[PDB]
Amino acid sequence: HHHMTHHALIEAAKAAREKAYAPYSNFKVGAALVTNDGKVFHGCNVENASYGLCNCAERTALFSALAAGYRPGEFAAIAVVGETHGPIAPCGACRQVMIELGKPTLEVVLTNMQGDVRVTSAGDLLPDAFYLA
C-alpha cells in the first residue's frame, strides 16, 4: 500500500466508526480495509435487538469488499478503531474471518481514540488457526 499510510487508514477507520449502528451496546467500532489495487472499504458494527445477529466492523468491511468482487488474498491492510484503553482487540469471530479472507499475512493496524497503535497480522492474532481444506 505505497500510497496508503497507517495514519490515513486509521483516519478512514474513524470515519467508518461514525456510521455505526450500535444502540444496544452504545459501543461504536470502525474499520477500514485497503485492497491490492488501493480501494478503501469502510466497515462498522451493526447491531440487532437479538444480540446474536450483531455484526462487527471488521466483518462488515470484508463482506462489503467481497460483494464488490474482491477475493480472499486481495487485501493489503485493515485498520480497526474503538473507544478502548489500548489498541482495540478484534474479537475471535473477526479473527477467523480475517484469516480466511485476508490470509495469515494480512496487516492489521489496531488503534483507539487516544493515539495508541499496534501493528500485527491476522496470523499472529489467531495462532494455529482452524482451516477446512
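For every residue, the number given is its place in the sequence shown, counted from 1.
**Q.** Comparing 58-66 with 34-42, the one whose average Cα B-factor in the PDB entry is higher
**A.** Result: 34-42.
Q: Compare the C-alpha B factor of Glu47 with those of the other modelled residues in its chain, then answer lowest, middle or highest third.
A: As the PDB entry reports it, the C-alpha B-factor of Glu47 lands in the lowest third of its chain.
Q | Entry-reported Cα temperature factor of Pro90, expressed as the chain third it lands in | A | Ranked within chain, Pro90 CA B lands in the lowest tercile.
Q: Rank-wise, by C-alpha B-factor, drop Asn26 into the lowest, middle or highest third of its chain.
A: Answer is highest: the recorded C-alpha B-factor places it there.
Q) Going by the entry, which third of its chain does the Cα temperature factor of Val117 land in? A) Highest third - that is where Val117 ends up once the chain's C-alpha B-factors are sorted.
Q: Quick one: classify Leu125 as lowest, middle or highest third of the chain based on its Cα B-factor.
A: Within its chain, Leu125 is a middle-third residue by C-alpha B-factor, going by the deposited values.
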